[PDB]
$ cat structure-v5.cif   # mmCIF, C-alpha atoms and all ligand atoms
data_data
loop_
_atom_site.group_PDB
_atom_site.id
_atom_site.type_symbol
_atom_site.label_atom_id
_atom_site.label_comp_id
_atom_site.auth_asym_id
_atom_site.auth_seq_id
_atom_site.Cartn_x
_atom_site.Cartn_y
_atom_site.Cartn_z
ATOM 1 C CA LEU A 1 -14.588 9.667 11.554
ATOM 2 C CA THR A 2 -12.580 6.443 11.725
ATOM 3 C CA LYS A 3 -10.052 5.047 9.200
ATOM 4 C CA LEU A 4 -9.358 1.476 10.369
ATOM 5 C CA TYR A 5 -6.820 0.669 7.609
ATOM 6 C CA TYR A 6 -4.303 2.965 9.341
ATOM 7 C CA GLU A 7 -5.046 1.467 12.796
ATOM 8 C CA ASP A 8 -4.905 -2.243 11.949
ATOM 9 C CA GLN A 9 -4.163 -3.075 8.315
ATOM 10 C CA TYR A 10 -5.124 -6.745 8.796
ATOM 11 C CA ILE A 11 -8.782 -6.054 9.640
ATOM 12 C CA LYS A 12 -10.739 -7.623 6.777
ATOM 13 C CA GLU A 13 -14.255 -7.696 8.332
ATOM 14 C CA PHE A 14 -15.878 -4.997 10.459
ATOM 15 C CA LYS A 15 -19.109 -3.395 11.656
ATOM 16 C CA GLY A 16 -20.235 -0.136 10.127
ATOM 17 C CA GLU A 17 -23.043 2.369 10.122
ATOM 18 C CA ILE A 18 -24.041 4.302 7.028
ATOM 19 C CA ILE A 19 -23.926 8.012 7.929
ATOM 20 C CA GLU A 20 -24.887 9.477 4.507
ATOM 21 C CA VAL A 21 -26.426 8.222 1.226
ATOM 22 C CA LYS A 22 -26.225 10.141 -2.083
ATOM 23 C CA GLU A 23 -27.638 8.655 -5.293
ATOM 24 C CA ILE A 24 -25.440 9.735 -8.211
ATOM 25 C CA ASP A 25 -26.730 8.271 -11.516
ATOM 26 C CA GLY A 26 -27.494 4.605 -10.737
ATOM 27 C CA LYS A 27 -25.004 4.248 -7.868
ATOM 28 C CA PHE A 28 -25.205 4.935 -4.126
ATOM 29 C CA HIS A 29 -22.309 6.873 -2.600
ATOM 30 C CA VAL A 30 -22.198 6.124 1.149
ATOM 31 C CA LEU A 31 -20.229 7.442 4.121
ATOM 32 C CA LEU A 32 -19.518 5.146 7.106
ATOM 33 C CA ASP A 33 -18.847 5.839 10.805
ATOM 34 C CA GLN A 34 -15.695 3.678 10.561
ATOM 35 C CA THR A 35 -14.094 2.060 7.524
ATOM 36 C CA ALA A 36 -11.367 -0.439 6.675
ATOM 37 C CA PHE A 37 -11.822 0.320 2.945
ATOM 38 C CA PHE A 38 -8.621 2.001 1.678
ATOM 39 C CA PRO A 39 -9.509 4.768 -0.848
ATOM 40 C CA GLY A 40 -6.027 4.669 -2.441
ATOM 41 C CA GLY A 41 -2.768 6.502 -1.655
ATOM 42 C CA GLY A 42 0.990 6.610 -2.333
ATOM 43 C CA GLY A 43 0.496 4.861 -5.695
ATOM 44 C CA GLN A 44 -1.547 2.029 -4.209
ATOM 45 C CA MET A 45 -5.069 1.232 -5.430
ATOM 46 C CA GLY A 46 -8.192 1.341 -3.255
ATOM 47 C CA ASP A 47 -10.385 -1.471 -1.901
ATOM 48 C CA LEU A 48 -13.474 -3.343 -3.119
ATOM 49 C CA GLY A 49 -15.788 -5.750 -1.296
ATOM 50 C CA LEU A 50 -19.198 -5.827 0.399
ATOM 51 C CA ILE A 51 -21.238 -3.589 2.697
ATOM 52 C CA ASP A 52 -24.359 -5.448 3.962
ATOM 53 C CA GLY A 53 -24.038 -7.894 1.035
ATOM 54 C CA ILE A 54 -24.103 -5.006 -1.463
ATOM 55 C CA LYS A 55 -20.965 -4.825 -3.611
ATOM 56 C CA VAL A 56 -18.621 -1.879 -3.195
ATOM 57 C CA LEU A 57 -17.557 -0.828 -6.705
ATOM 58 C CA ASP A 58 -15.325 2.123 -5.880
ATOM 59 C CA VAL A 59 -13.805 3.804 -2.849
ATOM 60 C CA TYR A 60 -12.486 7.359 -2.924
ATOM 61 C CA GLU A 61 -11.568 10.091 -0.461
ATOM 62 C CA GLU A 62 -13.010 13.599 -0.697
ATOM 63 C CA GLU A 63 -12.161 16.328 1.863
ATOM 64 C CA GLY A 64 -10.913 13.807 4.443
ATOM 65 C CA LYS A 65 -13.935 11.531 4.025
ATOM 66 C CA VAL A 66 -13.982 8.022 2.597
ATOM 67 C CA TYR A 67 -16.909 7.381 0.220
ATOM 68 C CA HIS A 68 -18.120 3.950 -0.861
ATOM 69 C CA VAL A 69 -19.874 3.510 -4.207
ATOM 70 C CA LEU A 70 -22.540 0.818 -3.809
ATOM 71 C CA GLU A 71 -24.279 -0.807 -6.793
ATOM 72 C CA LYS A 72 -27.618 -1.219 -4.969
ATOM 73 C CA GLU A 73 -29.723 0.866 -2.585
ATOM 74 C CA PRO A 74 -29.038 0.387 1.145
ATOM 75 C CA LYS A 75 -32.055 -0.664 3.218
ATOM 76 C CA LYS A 76 -30.699 -1.418 6.701
ATOM 77 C CA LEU A 77 -28.113 1.149 7.823
ATOM 78 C CA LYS A 78 -26.961 0.244 11.362
ATOM 79 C CA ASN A 79 -24.654 -2.557 12.561
ATOM 80 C CA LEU A 80 -23.807 -3.691 9.025
ATOM 81 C CA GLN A 81 -21.488 -6.566 8.161
ATOM 82 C CA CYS A 82 -18.730 -5.061 6.016
ATOM 83 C CA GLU A 83 -16.007 -7.181 4.408
ATOM 84 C CA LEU A 84 -13.015 -6.375 2.212
ATOM 85 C CA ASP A 85 -12.004 -8.224 -0.915
ATOM 86 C CA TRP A 86 -8.916 -9.395 0.987
ATOM 87 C CA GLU A 87 -7.132 -10.893 -2.042
ATOM 88 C CA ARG A 88 -7.105 -7.499 -3.783
ATOM 89 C CA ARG A 89 -6.078 -5.752 -0.543
ATOM 90 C CA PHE A 90 -3.200 -8.064 0.262
ATOM 91 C CA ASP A 91 -1.940 -8.155 -3.345
ATOM 92 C CA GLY A 92 -1.524 -4.356 -3.271
ATOM 93 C CA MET A 93 0.028 -4.514 0.218
ATOM 94 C CA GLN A 94 2.687 -6.993 -1.069
ATOM 95 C CA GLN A 95 3.544 -5.062 -4.282
ATOM 96 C CA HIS A 96 3.999 -1.801 -2.382
ATOM 97 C CA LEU A 97 6.231 -3.206 0.375
ATOM 98 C CA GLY A 98 7.990 -5.206 -2.379
ATOM 99 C CA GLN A 99 8.964 -1.896 -4.013
ATOM 100 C CA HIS A 100 10.147 -0.401 -0.682
ATOM 101 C CA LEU A 101 12.201 -3.532 0.050
ATOM 102 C CA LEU A 102 13.963 -3.570 -3.348
ATOM 103 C CA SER A 103 14.576 0.175 -3.185
ATOM 104 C CA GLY A 104 16.121 -0.267 0.292
ATOM 105 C CA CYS A 105 18.281 -3.192 -0.870
ATOM 106 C CA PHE A 106 19.558 -1.281 -3.914
ATOM 107 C CA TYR A 107 20.603 1.633 -1.687
ATOM 108 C CA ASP A 108 22.011 -0.517 1.126
ATOM 109 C CA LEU A 109 24.102 -2.703 -1.203
ATOM 110 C CA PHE A 110 25.123 -0.334 -4.026
ATOM 111 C CA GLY A 111 24.174 3.217 -2.937
ATOM 112 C CA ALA A 112 21.721 3.253 -5.838
ATOM 113 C CA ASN A 113 18.799 5.678 -5.502
ATOM 114 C CA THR A 114 15.132 5.268 -6.524
ATOM 115 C CA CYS A 115 13.528 7.987 -8.641
ATOM 116 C CA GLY A 116 10.165 6.396 -9.508
ATOM 117 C CA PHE A 117 7.699 3.531 -9.008
ATOM 118 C CA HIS A 118 4.441 2.257 -10.468
ATOM 119 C CA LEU A 119 2.031 -0.245 -8.947
ATOM 120 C CA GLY A 120 -0.208 -1.707 -11.649
ATOM 121 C CA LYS A 121 -2.726 -4.556 -11.642
ATOM 122 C CA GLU A 122 -0.679 -6.805 -13.872
ATOM 123 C CA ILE A 123 2.914 -5.695 -13.210
ATOM 124 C CA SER A 124 4.787 -3.243 -10.973
ATOM 125 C CA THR A 125 7.911 -1.178 -11.658
ATOM 126 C CA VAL A 126 10.642 0.601 -9.702
ATOM 127 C CA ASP A 127 13.133 3.046 -11.345
ATOM 128 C CA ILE A 128 16.731 3.036 -10.098
ATOM 129 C CA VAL A 129 19.063 5.911 -11.007
ATOM 130 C CA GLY A 130 21.844 4.898 -13.411
ATOM 131 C CA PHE A 131 22.777 1.864 -15.481
ATOM 132 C CA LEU A 132 22.705 -1.457 -13.662
ATOM 133 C CA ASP A 133 24.200 -4.686 -14.941
ATOM 134 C CA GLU A 134 22.488 -8.084 -14.530
ATOM 135 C CA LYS A 135 24.903 -9.057 -11.742
ATOM 136 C CA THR A 136 23.929 -6.156 -9.428
ATOM 137 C CA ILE A 137 20.210 -6.519 -10.156
ATOM 138 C CA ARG A 138 20.268 -10.258 -9.317
ATOM 139 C CA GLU A 139 22.263 -9.521 -6.136
ATOM 140 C CA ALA A 140 19.533 -7.088 -5.007
ATOM 141 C CA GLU A 141 16.809 -9.665 -5.788
ATOM 142 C CA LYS A 142 18.757 -12.231 -3.715
ATOM 143 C CA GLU A 143 19.184 -9.843 -0.782
ATOM 144 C CA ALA A 144 15.500 -8.835 -0.873
ATOM 145 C CA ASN A 145 14.487 -12.504 -0.636
ATOM 146 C CA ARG A 146 17.079 -13.007 2.096
ATOM 147 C CA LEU A 147 15.483 -10.229 4.182
ATOM 148 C CA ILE A 148 12.013 -11.720 3.534
ATOM 149 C CA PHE A 149 13.184 -14.875 5.220
ATOM 150 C CA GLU A 150 15.010 -12.862 7.931
ATOM 151 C CA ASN A 151 11.512 -11.435 8.664
ATOM 152 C CA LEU A 152 12.152 -7.777 9.495
ATOM 153 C CA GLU A 153 9.492 -5.737 11.275
ATOM 154 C CA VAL A 154 7.704 -3.184 9.077
ATOM 155 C CA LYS A 155 6.280 -0.320 11.195
ATOM 156 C CA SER A 156 3.563 1.987 9.821
ATOM 157 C CA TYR A 157 2.918 5.012 12.047
ATOM 158 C CA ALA A 158 1.914 8.678 12.134
ATOM 159 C CA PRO A 159 4.561 10.307 14.368
ATOM 160 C CA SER A 160 3.594 12.929 16.919
ATOM 161 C CA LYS A 161 5.169 16.346 16.202
ATOM 162 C CA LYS A 162 7.432 15.633 19.212
ATOM 163 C CA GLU A 163 8.766 12.347 17.820
ATOM 164 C CA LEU A 164 8.725 13.686 14.219
ATOM 165 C CA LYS A 165 11.754 15.849 15.069
ATOM 166 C CA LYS A 166 13.798 12.724 15.919
ATOM 167 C CA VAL A 167 12.820 11.059 12.611
ATOM 168 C CA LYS A 168 15.892 10.627 10.398
ATOM 169 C CA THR A 169 15.151 10.412 6.679
ATOM 170 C CA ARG A 170 17.285 10.682 3.501
ATOM 171 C CA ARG A 171 14.609 12.544 1.528
ATOM 172 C CA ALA A 172 13.072 15.755 2.834
ATOM 173 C CA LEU A 173 9.555 15.388 4.202
ATOM 174 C CA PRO A 174 6.571 17.023 2.449
ATOM 175 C CA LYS A 175 5.141 20.369 3.499
ATOM 176 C CA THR A 176 1.472 19.506 4.093
ATOM 177 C CA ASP A 177 -1.592 20.249 6.204
ATOM 178 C CA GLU A 178 -2.121 16.467 6.377
ATOM 179 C CA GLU A 179 -0.283 14.283 8.901
ATOM 180 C CA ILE A 180 2.979 12.633 7.825
ATOM 181 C CA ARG A 181 2.802 8.814 7.872
ATOM 182 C CA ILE A 182 6.054 6.850 8.071
ATOM 183 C CA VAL A 183 6.733 3.307 6.809
ATOM 184 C CA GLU A 184 9.889 1.827 8.313
ATOM 185 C CA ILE A 185 11.537 -1.470 7.376
ATOM 186 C CA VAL A 186 13.317 -1.926 10.729
ATOM 187 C CA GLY A 187 17.081 -1.916 10.179
ATOM 188 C CA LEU A 188 16.884 -1.178 6.453
ATOM 189 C CA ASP A 189 14.735 1.773 5.353
ATOM 190 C CA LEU A 190 12.490 4.621 6.577
ATOM 191 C CA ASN A 191 10.332 6.615 4.129
ATOM 192 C CA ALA A 192 7.246 8.819 4.214
ATOM 193 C CA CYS A 193 4.423 6.765 2.713
ATOM 194 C CA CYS A 194 0.602 6.867 2.697
ATOM 195 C CA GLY A 195 0.445 3.212 1.650
ATOM 196 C CA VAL A 196 -1.059 0.274 3.518
ATOM 197 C CA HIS A 197 1.784 -2.196 4.140
ATOM 198 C CA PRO A 198 2.148 -5.671 5.710
ATOM 199 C CA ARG A 199 3.650 -5.653 9.227
ATOM 200 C CA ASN A 200 6.615 -7.837 8.323
ATOM 201 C CA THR A 201 8.794 -8.775 5.320
ATOM 202 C CA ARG A 202 7.847 -12.502 5.677
ATOM 203 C CA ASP A 203 4.330 -11.540 4.509
ATOM 204 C CA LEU A 204 5.845 -10.882 1.053
ATOM 205 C CA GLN A 205 6.487 -14.677 0.617
ATOM 206 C CA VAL A 206 8.871 -14.214 -2.322
ATOM 207 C CA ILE A 207 9.988 -11.433 -4.694
ATOM 208 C CA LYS A 208 11.014 -11.928 -8.323
ATOM 209 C CA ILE A 209 12.519 -9.443 -10.762
ATOM 210 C CA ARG A 210 10.986 -10.190 -14.176
ATOM 211 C CA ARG A 211 12.930 -7.980 -16.599
ATOM 212 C CA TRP A 212 14.474 -4.506 -16.793
ATOM 213 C CA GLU A 213 15.245 -1.808 -19.368
ATOM 214 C CA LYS A 214 16.725 1.685 -19.600
ATOM 215 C CA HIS A 215 14.354 4.611 -19.101
ATOM 216 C CA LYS A 216 16.119 7.941 -19.688
ATOM 217 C CA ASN A 217 18.662 8.207 -16.820
ATOM 218 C CA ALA A 218 17.235 5.218 -14.955
ATOM 219 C CA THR A 219 16.817 1.428 -15.031
ATOM 220 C CA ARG A 220 13.108 0.560 -15.009
ATOM 221 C CA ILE A 221 12.779 -2.782 -13.192
ATOM 222 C CA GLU A 222 9.641 -4.999 -13.473
ATOM 223 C CA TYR A 223 8.895 -7.090 -10.358
ATOM 224 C CA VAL A 224 6.332 -9.399 -8.725
ATOM 225 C CA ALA A 225 5.866 -10.160 -5.028
ATOM 226 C CA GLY A 226 3.706 -12.701 -3.181
ATOM 227 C CA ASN A 227 1.016 -14.599 -5.092
ATOM 228 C CA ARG A 228 1.928 -12.822 -8.348
ATOM 229 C CA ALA A 229 5.418 -14.368 -8.199
ATOM 230 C CA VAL A 230 4.118 -17.968 -8.173
HETATM 231 ZN ZN ZN A 301 5.489 4.058 -0.724
#

$ encode --input "structure-v5.cif" --output "structure tokens"
Amino acid sequence: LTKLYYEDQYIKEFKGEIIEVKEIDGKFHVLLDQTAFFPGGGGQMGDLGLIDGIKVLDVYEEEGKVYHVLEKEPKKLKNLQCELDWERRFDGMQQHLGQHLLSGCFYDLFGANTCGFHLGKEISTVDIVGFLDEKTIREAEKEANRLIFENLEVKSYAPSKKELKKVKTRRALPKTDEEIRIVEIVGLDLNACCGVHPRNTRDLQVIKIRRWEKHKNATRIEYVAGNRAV
């Protein structure tokens, strides 16, 4: 069945048909024929919103199937108006690409590698290998914002096994039964990622580095992108 979030990440309203209903203590876990509700992936949180005016409280994936936890019992089940909480969606889209952008700027400018990231509701972090002084950190922040306004294309795709052999990456790709998705900041960076990203760097608006500290062999950098930064 259909996962719309990987086909067009900007779809915020869609038509759906409830294929299954399971009542699990108070809540109604539903399957849909097609969904734009992201369950979560690559560190990024899942969606909330409405299915037929009934609030979606949780979205998860189990055995390749996206399940929606509804607070009330579905009545009508065909041709339903389904809408994402777009503010939540887009916030997570911006923070994730924000991380990729910074990571790509740190490597492009200074050869500095990323070894971790965290996307939280309040703040997000990225870990860069080694000590970094304030000068280099602020230069990466500047360059990130420069490429936002340069508006680079961000391609999200699942390569065919033919075109997957011509994919050049700096980190080895996972061994999986699942399909490899690629997120590519055109001209800057190309990484395997299951996230849902904006289609350009301009969509980030602005990126601000808040503060940083040492974490073992790394510099843990706190950042905000988009509406969080203002
Ligand atoms: Zn990612």

$ atom_distance --input "structure-v5.cif" --atom1 "CA of residue 215 in chain A" --atom2 "CA of residue 113 in chain A"
14.3 Å

$ closest_residue --input "structure-v5.cif" --among "A:54, A:230, A:31, A:82" --to "residue 207 in chain A" --atoms "all atoms listed in the file"
A:230

$ axis_aligned_box --input "structure-v5.cif" --around "range 146-159 of chain A" --padding-each-side "4 Å" --output "JSON"
{"center_x": 9.5, "center_y": -2.3, "center_z": 8.2, "size_x": 23.2, "size_y": 33.2, "size_z": 20.3}

$ closest_residue --input "structure-v5.cif" --among "A:195, A:39, A:226, A:92" --to "ligand ZN 301 (chain A)" --atoms "all atoms listed in the file"
A:195

$ closest_residue --input "structure-v5.cif" --among "A:105, A:144, A:30, A:84" --to "residue 9 in chain A" --atoms "only C-alpha atoms"
A:84

$ closest_atom_pairs --input "structure-v5.cif" --of "chain A" --to "ligand ZN 301 (chain A)" --cutoff "8 Å" --atoms "all atoms listed in the file" --output "Markdown table"
| residue | atom | partner | partner_atom | distance |
| --- | --- | --- | --- | --- |
| A:42 | CA | A:ZN301 | ZN | 5.4 |
| A:43 | CA | A:ZN301 | ZN | 7.1 |
| A:96 | CA | A:ZN301 | ZN | 6.3 |
| A:97 | CA | A:ZN301 | ZN | 7.4 |
| A:99 | CA | A:ZN301 | ZN | 7.6 |
| A:100 | CA | A:ZN301 | ZN | 6.4 |
| A:183 | CA | A:ZN301 | ZN | 7.7 |
| A:191 | CA | A:ZN301 | ZN | 7.3 |
| A:192 | CA | A:ZN301 | ZN | 7.1 |
| A:193 | CA | A:ZN301 | ZN | 4.5 |
| A:194 | CA | A:ZN301 | ZN | 6.6 |
| A:195 | CA | A:ZN301 | ZN | 5.6 |

$ atom_distance --input "structure-v5.cif" --atom1 "CA of residue 117 in chain A" --atom2 "CA of residue 199 in chain A"
20.8 Å

$ atom_distance --input "structure-v5.cif" --atom1 "CA of residue 59 in chain A" --atom2 "CA of residue 45 in chain A"
9.5 Å

$ residues_near_point --input "structure-v5.cif" --point "(12.8, -17.2, -12.0)" --cutoff "12 Å" --atoms "only C-alpha atoms" --output "list in words"
residues 138, 141, 142, 206, 207, 208, 209, 210, 211, 223, 224, 229 and 230 of chain A

$ residues_around --input "structure-v5.cif" --residues "residue 107 in chain A" --least-positions-apart "3" --cutoff "12 Å" --atoms "all atoms listed in the file" --output "PyMOL selection string"
chain A and resi 100-104+110-115+128-129+136-137+140+143-144+170+188-190

$ closest_residue --input "structure-v5.cif" --among "A:50, A:123, A:180, A:148" --to "residue 228 in chain A" --atoms "only C-alpha atoms"
A:123

$ resolve_selection --input "structure-v5.cif" --expression "the PyMOL selection byres (((chain A and resi 16) around 9) and not hetatm)" --output "VMD selection string"
chain A and resid 14 to 15 17 to 18 32 to 35 51 77 to 82

$ resolve_selection --input "structure-v5.cif" --expression "the PyMOL selection byres (((chain A and resi 37) around 9) and not hetatm)" --output "list in words"
residues 3, 4, 5, 12, 35, 36, 38, 39, 46, 47, 48, 49, 59, 66, 68, 83 and 84 of chain A

$ closest_residue --input "structure-v5.cif" --among "A:212, A:28, A:60, A:90" --to "residue 10 in chain A" --atoms "all atoms listed in the file"
A:90

$ closest_residue --input "structure-v5.cif" --among "A:74, A:174, A:187, A:40" --to "residue 20 in chain A" --atoms "only C-alpha atoms"
A:74

$ residues_near_point --input "structure-v5.cif" --point "(1.5, -2.4, 6.1)" --cutoff "7 Å" --atoms "all atoms listed in the file" --output "list in words"
residues 9, 93, 154, 156, 196, 197, 198 and 199 of chain A

$ resolve_selection --input "structure-v5.cif" --expression "the PyMOL selection byres (((chain A and resi 167) around 12) and not hetatm)" --output "VMD selection string"
chain A and resid 157 to 166 168 to 173 180 to 184 189 to 192

$ decode --input "structure-v5.cif" --residues "range 35-116 of chain A" --atoms "C-alpha atoms" --output "compact mmCIF listing (two decimals), in the first residue's frame"
# COMPACT_ATOMS: atom_id res chain seq x y z
CA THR A 35 -1.04 7.75 3.64
CA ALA A 36 0.94 10.98 3.86
CA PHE A 37 1.42 10.44 7.63
CA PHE A 38 5.15 9.84 8.28
CA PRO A 39 5.58 7.16 11.01
CA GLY A 40 9.11 8.37 11.88
CA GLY A 41 12.57 7.47 10.51
CA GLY A 42 16.25 8.49 10.43
CA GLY A 43 15.88 10.30 13.77
CA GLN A 44 12.86 12.31 12.65
CA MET A 45 9.55 12.18 14.52
CA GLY A 46 6.25 11.01 13.01
CA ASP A 47 3.12 12.96 12.04
CA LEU A 48 -0.10 13.98 13.80
CA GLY A 49 -3.31 15.47 12.40
CA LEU A 50 -6.84 14.44 11.42
CA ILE A 51 -8.52 11.53 9.63
CA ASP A 52 -12.22 12.32 8.96
CA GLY A 53 -12.11 15.00 11.70
CA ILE A 54 -10.87 12.43 14.24
CA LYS A 55 -7.48 13.32 15.72
CA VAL A 56 -4.49 11.13 14.93
CA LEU A 57 -2.55 10.73 18.19
CA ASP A 58 0.26 8.47 17.02
CA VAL A 59 1.63 7.03 13.79
CA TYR A 60 3.93 4.02 13.70
CA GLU A 61 5.14 1.46 11.18
CA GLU A 62 4.86 -2.28 11.80
CA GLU A 63 5.99 -4.86 9.20
CA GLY A 64 5.96 -2.32 6.35
CA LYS A 65 2.53 -0.96 7.30
CA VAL A 66 1.71 2.50 8.61
CA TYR A 67 -0.79 2.48 11.50
CA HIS A 68 -2.74 5.51 12.71
CA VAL A 69 -3.90 5.72 16.32
CA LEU A 70 -7.27 7.50 16.39
CA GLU A 71 -8.83 8.81 19.61
CA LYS A 72 -12.42 8.11 18.47
CA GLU A 73 -14.22 5.32 16.61
CA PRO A 74 -14.39 5.66 12.81
CA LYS A 75 -17.91 5.64 11.35
CA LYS A 76 -17.49 6.45 7.64
CA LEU A 77 -14.51 4.63 6.10
CA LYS A 78 -14.34 5.53 2.38
CA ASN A 79 -13.22 8.75 0.67
CA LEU A 80 -12.11 10.37 3.94
CA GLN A 81 -10.62 13.85 4.25
CA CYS A 82 -7.20 13.37 5.84
CA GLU A 83 -4.98 16.30 6.82
CA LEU A 84 -1.53 16.56 8.40
CA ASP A 85 -0.56 18.87 11.21
CA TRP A 86 1.65 20.71 8.70
CA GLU A 87 3.44 22.90 11.27
CA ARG A 88 4.78 19.81 13.07
CA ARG A 89 5.66 18.15 9.74
CA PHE A 90 7.54 21.11 8.32
CA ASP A 91 9.35 21.86 11.60
CA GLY A 92 10.84 18.34 11.55
CA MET A 93 11.62 18.63 7.82
CA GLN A 94 13.62 21.86 8.48
CA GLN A 95 15.57 20.53 11.51
CA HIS A 96 16.61 17.38 9.65
CA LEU A 97 17.80 19.12 6.47
CA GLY A 98 19.36 21.76 8.76
CA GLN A 99 21.54 19.01 10.26
CA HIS A 100 22.49 17.64 6.80
CA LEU A 101 23.36 21.15 5.59
CA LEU A 102 25.62 21.97 8.57
CA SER A 103 27.27 18.55 8.39
CA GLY A 104 27.96 19.11 4.67
CA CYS A 105 29.34 22.62 5.30
CA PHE A 106 31.65 21.41 8.08
CA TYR A 107 33.08 18.73 5.77
CA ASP A 108 33.26 20.94 2.68
CA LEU A 109 35.00 23.82 4.48
CA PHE A 110 37.17 22.08 7.11
CA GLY A 111 37.12 18.33 6.33
CA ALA A 112 35.36 17.85 9.66
CA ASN A 113 33.27 14.68 9.98
CA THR A 114 29.89 14.12 11.70
CA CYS A 115 29.57 11.24 14.16
CA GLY A 116 26.10 11.89 15.64
